[PDB]
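Listed below, chain by chain, are the residues.
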Amino acid sequence: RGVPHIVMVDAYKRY
Amino acid sequence: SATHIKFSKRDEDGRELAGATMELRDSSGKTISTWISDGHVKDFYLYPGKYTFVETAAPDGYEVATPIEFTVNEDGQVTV
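Note on numbering: residues are counted from 1 along each chain in the order of its written sequence, which can differ from the entry, and residues with no coordinates are hidden. Lettering for chains starts from A, numbering for ligands starts from 1, and both go in the order in which the items are written. Side-chain metrics in this entry use all non-hydrogen atoms of the structure; hydrogen atoms and water are not considered. Residues with missing side-chain atoms are left out of burial classes, side-chain pairs and their counts.

The deposited coordinates for this entry were obtained by X-ray crystallography, with a reported resolution of 1.43 Å.

Some details on the interface of chain A and chain B
Counting from both sides, the interface comprises twelve residues of chain A and, opposite them, 27 residues of chain B. Charged means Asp, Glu, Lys or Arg here, nonpolar means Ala, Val, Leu, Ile, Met, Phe, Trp, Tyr, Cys or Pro, and polar covers whatever is left, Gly included. In terms of residue class, the side of chain A that touches chain B is built from nine nonpolar, one polar and two charged. If DSSP finds at least two bridges between two strands, the strands pair. We count a stretch as a helix when DSSP gives it H or I for four or more residues in a row; a strand needs E for two or more, and each element gets its number in order from the N terminus. Looking at chain direction, strand 1 (residues 5-10) of chain A and strand 1 (residues 3-11) of chain B are connected through six bridges and run parallel. The residue of strand 1 of chain B that forms the bridge with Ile6(A) is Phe7(B). Note on definitions: a residue-residue contact is assigned when non-hydrogen atoms from the two residues lie within 4.5 Å.

Remarks on the pairing of strand 5 (residues 49-57) of chain B
Residues and elements named next belong to chain B. Note that strand 2 (residues 18-26) and strand 5 share six bridges and pair antiparallel. Across the sheet, the residue bridging to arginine 25 is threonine 52, located in strand 5. Looking at chain direction, strand 5 and strand 6 (residues 68-72) are connected through five bridges and run antiparallel. Its bridge partner lying in strand 6, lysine 50 is registered against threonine 71.

Some words on the sheet that holds strand 3 (residues 31-38) of chain B
All names here are of chain B. What the five strands build is an open sheet, ordered 3-2-5-6-7; its pairing is antiparallel. Of all strands in the sheet, those with a lone pairing partner are strand 3 and strand 7 (78-79), marking the two edges. The pairing of strand 2 with strand 3 spans six bridges and is classified as antiparallel. Within the sheet, the bridge partner assigned to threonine 21 lies in strand 3 and is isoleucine 36.

Remarks on the pattern of salt bridges
Residue and element names in this part refer to chain B. When a carboxyl oxygen of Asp or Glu is within 4 Å of a side-chain nitrogen of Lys or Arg, the pair counts as a salt bridge. Under the defined criterion, the tally for this structure stands at four salt bridges over all chains. Among the salt bridges present, the one from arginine 10 reaches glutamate 16, with a minimum N-O distance of 3.3 Å. Classification of residues uses two cut-offs on accessible area relative to the type maximum, computed with a 1.4 Å probe and protein chains only: under 20% is buried, over 50% is exposed, and between them is partly exposed. Judged by relative accessible area, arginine 10 falls into the partly exposed class, the value being 24%. Counted as one network, the salt bridges with shared partners bring together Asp11, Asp13 and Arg15.

Structural data, given as structure tokens:
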């Protein structure tokens, strides 16, 4: 419990 | 001592995303780890310092994300 979650989002290319 | 953190590489729909080429660097430019995201959260244990998650390449069809800097404090608090 309490472990930090670091999130990196990869967005879609328009295609 | 070392602090447990989790890193998640996700898509725009909140789902873990496999195939991204990633690295974790410290404030002096040393590479702590390189890996390919596998569609699950990735755990790390890190000593106090300033670090950066850097995406070298995204899977086909995705855009590379901006690097994420964070600090592991002397007391185990992590700040993003």
